[PDB]
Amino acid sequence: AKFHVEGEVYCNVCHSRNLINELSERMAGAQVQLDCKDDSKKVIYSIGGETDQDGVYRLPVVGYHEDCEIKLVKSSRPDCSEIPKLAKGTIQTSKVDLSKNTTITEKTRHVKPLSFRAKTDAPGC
């Protein structure tokens, strides 16, 4: 089986907040990584890629997998490189479904967007 995992990366220009909104800017050149544990409780399948002009990455995956998620690794904007931890204390990752065990036929799986965060608050934040 082949898949592509597709998602977006932005710069959140509101350092005071942790979200993607109308002030958010699509980021080219960001680096992301797919990691799947495949129920072995350690990462055993991993794939990296970069976002394009629209801030979209598209990772080609071979095989079905479980316990998969996408994390930000590197920013291409030194002014926008925080990875905001959630109030829970954990880093946010985008989950993806690459399970054989469903009736989903699409070969592209889309994921929720991620953002790096600026150090300042833009006007209107």
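Don't overthink the numbering: it's just position in the shown sequence, from 1.
Remark: stretch with higher mean C-alpha B factor among 87-95 and 61-69 is 87-95. Higher mean CA temperature factor, per the PDB entry, when comparing 7-15 with 104-112: 104-112. The entry lists a Cα temperature factor for residue 26 that places it in the middle third of the chain's modelled residues. When all modelled residues of the chain are sorted by CA temperature factor, residue 37 is found within the middle third. Residue 53: CA B factor lies in the highest third for its chain, per the PDB record.
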